[PDB]
Amino acid sequence: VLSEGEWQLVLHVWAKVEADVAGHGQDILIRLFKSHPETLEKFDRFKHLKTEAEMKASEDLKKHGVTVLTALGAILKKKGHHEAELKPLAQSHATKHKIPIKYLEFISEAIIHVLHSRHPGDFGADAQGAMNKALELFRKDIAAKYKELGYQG
Ligand code: HEM
């Protein structure tokens with residue numbers, strides 16, 4: 001359970017992300033795919049991209065970063081009362097996209113790296129800890145729905 005103060009750290013930084021959703025989404029996905037190449041393989045849409053420059057040139061990849069970050073921002077602004085928003089997400093990522101929970105950990109690491117790079121004066125260690133808590137809470141709740149569907153593994 002995050003405290004009110006921890007939520008405010010989270011949503012303060014997040015409001016900065018909302019100024020440039022597509023740049024951030026691009027940097028996050030590129031960092032995920034470079035750090036953890038197995039992740040790229042989950043996207044038939046992007047598995048043709050072999051170099052970081054081709055990633056950065058891809059309009060389709062920047063479109064998908066905005067999709068991912070808009071859905072994440074909608075969940076964070078619920079401050080933990082996010083069951084309606086996580087259900088469909090977990091359903092599709094377990095049963096259609098086949099994404100292990102561990103790769104949710106990976107993309108959380110990429111999100112924390114990118115936010116430290118882009119917003120260091122709003123993302124000191126208090127805010128980093130908080131955002132880590134927030135992302136852990138998303139992963140706990142998606143993992144519980146995986147388990148329900150037979151995919152926690
Ligand atoms: C912060 C975590 C994530 C969020 C908020 C998120 C959000 C979304 C949304 C909103 C969609 C489209 C709607 C849907 O299919 O449910 C989507 C599609 C998809 N996601 Fe995620 N995602 C996350 C993590 C990932 C990870 C880590 C992977 C792969 C490693 C991934 C793989 C996919 C794939 C394969 C699609 C379908 C894309 C396509 O071919 O159109 N997701 N994601």
# chains A, B, ... in the order shown; residues from 1 in each chain; ligands from 1
$ closest_atom_pairs --of "range 8-114 of chain A" --to "range 121-132 of chain A" --cutoff "7 Å" --atoms "only C-alpha atoms" --output "tab-separated table"
residue	atom	partner	partner_atom	distance
A:9	CA	A:127	CA	5.1
A:10	CA	A:131	CA	5.4
A:13	CA	A:122	CA	5.8
$ write_last_selection --atoms "C-alpha atoms" --output "compact mmCIF listing (two decimals), in the first residue's frame"
# COMPACT_ATOMS: atom_id res chain seq x y z
CA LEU A 9 5.96 11.66 -5.49
CA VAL A 10 4.85 9.29 -8.14
CA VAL A 13 7.06 12.91 -11.80
$ residues_near_ligand --ligand "ligand 1" --cutoff "7 Å" --atoms "only C-alpha atoms and all ligand atoms" --output "list in words"
residues 39, 40, 42, 43, 44, 45, 67, 68, 69, 71, 72, 88, 89, 92, 93, 97, 99, 103, 104, 106, 107 and 108 of chain A
$ residues_around --residues "residue 19 in chain A" --least-positions-apart "6" --cutoff "12 Å" --atoms "only C-alpha atoms" --output "ChimeraX atom specification"
/A:12-13,25,66,69-70,118-119
$ write_last_selection --atoms "N, CA, C and O atoms" --output "CSV table (one decimal), in the first residue's frame"
chain,number,residue,atom,x,y,z
A,12,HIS,N,3.8,13.4,-9.2
A,12,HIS,CA,4.5,14.6,-9.5
A,12,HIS,C,5.4,14.3,-10.7
A,12,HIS,O,5.4,15.1,-11.7
A,13,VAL,N,6.2,13.3,-10.6
A,13,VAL,CA,7.1,12.9,-11.8
A,13,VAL,C,6.2,12.5,-13.0
A,13,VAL,O,6.6,12.9,-14.2
A,25,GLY,N,8.0,7.3,-24.2
A,25,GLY,CA,7.6,5.8,-24.6
A,25,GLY,C,8.6,5.2,-25.5
A,25,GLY,O,8.9,4.0,-25.4
A,66,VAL,N,3.3,5.4,-26.8
A,66,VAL,CA,2.2,6.2,-26.3
A,66,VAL,C,1.2,5.3,-25.8
A,66,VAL,O,0.5,5.6,-24.7
A,69,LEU,N,2.3,4.0,-22.3
A,69,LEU,CA,2.4,4.9,-21.2
A,69,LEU,C,1.0,5.5,-20.9
A,69,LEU,O,0.8,6.0,-19.8
A,70,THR,N,0.1,5.7,-21.9
A,70,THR,CA,-1.3,6.3,-21.5
A,70,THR,C,-1.9,5.2,-20.6
A,70,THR,O,-2.6,5.6,-19.7
A,118,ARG,N,15.4,11.7,-17.6
A,118,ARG,CA,14.7,12.8,-18.2
A,118,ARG,C,14.3,13.8,-17.1
A,118,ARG,O,14.2,15.0,-17.3
A,119,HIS,N,14.2,13.4,-15.8
A,119,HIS,CA,13.6,14.2,-14.7
A,119,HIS,C,14.3,14.1,-13.4
A,119,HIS,O,13.7,13.9,-12.3
$ atom_distance --atom1 "CA of residue 38 in chain A" --atom2 "CA of residue 148 in chain A"
25.0 Å
$ select_by_dssp --residues "range 29-95 of chain A" --states "helix (DSSP H, G or I)" --output "PyMOL selection string"
chain A and resi 29-35+37-40+52-57+59-76+83-95
$ residues_around --residues "residue 34 in chain A" --least-positions-apart "3" --cutoff "10 Å" --atoms "only C-alpha atoms" --output "list in words"
residues 28, 29, 30, 31, 37, 38, 39, 40, 50, 51, 52, 55 and 110 of chain A
$ closest_residue --among "A:137, A:112, A:90, A:1" --to "residue 149 in chain A" --atoms "only C-alpha atoms"
A:90
$ closest_residue --among "A:114, A:101, A:94, A:15" --to "residue 32 in chain A" --atoms "only C-alpha atoms"
A:114
$ residues_around --residues "residue 22 in chain A" --least-positions-apart "2" --cutoff "8 Å" --atoms "only C-alpha atoms" --output "list in words"
residues 20, 24, 25, 26, 62, 63, 65 and 66 of chain A
$ write_last_selection --atoms "N, CA, C and O atoms" --output "short mmCIF file (atom, residue, chain, number, x, y, z; two decimals), in the first residue's frame"
data_model
loop_
_atom_site.label_atom_id
_atom_site.label_comp_id
_atom_site.auth_asym_id
_atom_site.auth_seq_id
_atom_site.Cartn_x
_atom_site.Cartn_y
_atom_site.Cartn_z
N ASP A 20 5.61 14.85 -22.56
CA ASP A 20 6.20 14.38 -23.76
C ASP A 20 6.03 12.86 -23.72
O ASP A 20 7.02 12.06 -23.64
N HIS A 24 9.11 9.73 -24.22
CA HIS A 24 9.41 8.86 -23.12
C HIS A 24 9.07 7.41 -23.59
O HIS A 24 9.78 6.50 -23.16
N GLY A 25 7.96 7.25 -24.21
CA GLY A 25 7.56 5.82 -24.55
C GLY A 25 8.57 5.20 -25.47
O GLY A 25 8.93 4.04 -25.37
N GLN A 26 9.03 6.01 -26.40
CA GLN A 26 10.11 5.52 -27.27
C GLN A 26 11.36 5.16 -26.50
O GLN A 26 11.88 4.01 -26.75
N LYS A 62 6.99 4.24 -31.87
CA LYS A 62 6.70 5.41 -31.00
C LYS A 62 5.16 5.36 -30.69
O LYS A 62 4.74 5.73 -29.59
N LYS A 63 4.30 4.98 -31.67
CA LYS A 63 2.84 4.88 -31.42
C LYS A 63 2.59 3.91 -30.27
O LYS A 63 1.73 4.20 -29.33
N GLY A 65 4.63 3.12 -27.83
CA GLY A 65 5.04 3.69 -26.54
C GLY A 65 3.97 4.58 -25.96
O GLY A 65 3.81 4.61 -24.73
N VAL A 66 3.33 5.37 -26.81
CA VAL A 66 2.24 6.18 -26.27
C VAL A 66 1.16 5.29 -25.76
O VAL A 66 0.55 5.59 -24.67
#
$ atom_distance --atom1 "CA of residue 14 in chain A" --atom2 "CA of residue 53 in chain A"
26.6 Å
$ closest_residue --among "A:87, A:147, A:140, A:133" --to "residue 109 in chain A" --atoms "only C-alpha atoms"
A:133
$ closest_residue --among "A:76, A:152, A:47, A:61" --to "residue 138 in chain A" --atoms "only C-alpha atoms"
A:76
$ atom_distance --atom1 "CA of residue 2 in chain A" --atom2 "CA of residue 33 in chain A"
29.2 Å
$ decode --residues "range 122-136 of chain A" --atoms "N, CA and C atoms" --output "compact mmCIF listing (two decimals), in the first residue's frame"
# COMPACT_ATOMS: atom_id res chain seq x y z
N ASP A 122 13.11 15.89 -10.20
CA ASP A 122 11.84 15.37 -9.60
C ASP A 122 11.98 13.93 -9.34
N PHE A 123 13.23 13.35 -9.56
CA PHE A 123 13.21 11.88 -9.40
C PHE A 123 14.37 11.54 -8.57
N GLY A 124 14.49 12.28 -7.44
CA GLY A 124 15.46 11.77 -6.42
C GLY A 124 15.12 10.53 -5.73
N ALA A 125 15.93 10.13 -4.71
CA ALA A 125 15.76 8.72 -4.28
C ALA A 125 14.36 8.49 -3.61
N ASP A 126 13.77 9.50 -2.96
CA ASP A 126 12.45 9.29 -2.33
C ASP A 126 11.46 8.90 -3.51
N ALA A 127 11.43 9.75 -4.55
CA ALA A 127 10.55 9.50 -5.63
C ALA A 127 10.90 8.19 -6.35
N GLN A 128 12.18 7.88 -6.53
CA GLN A 128 12.45 6.58 -7.10
C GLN A 128 11.94 5.42 -6.28
N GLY A 129 12.14 5.58 -4.96
CA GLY A 129 11.58 4.45 -4.13
C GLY A 129 10.06 4.32 -4.31
N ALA A 130 9.44 5.51 -4.34
CA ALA A 130 8.02 5.45 -4.42
C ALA A 130 7.53 4.84 -5.74
N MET A 131 8.25 5.28 -6.81
CA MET A 131 7.78 4.77 -8.10
C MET A 131 8.01 3.26 -8.21
N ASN A 132 9.12 2.84 -7.56
CA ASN A 132 9.36 1.42 -7.47
C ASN A 132 8.24 0.70 -6.76
N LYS A 133 7.77 1.34 -5.62
CA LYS A 133 6.64 0.69 -4.91
C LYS A 133 5.43 0.56 -5.87
N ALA A 134 5.16 1.74 -6.50
CA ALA A 134 3.97 1.76 -7.42
C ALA A 134 3.98 0.64 -8.54
N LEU A 135 5.19 0.56 -9.15
CA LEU A 135 5.35 -0.44 -10.18
C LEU A 135 5.29 -1.89 -9.57
N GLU A 136 5.86 -2.08 -8.40
CA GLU A 136 5.72 -3.39 -7.73
C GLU A 136 4.21 -3.71 -7.56
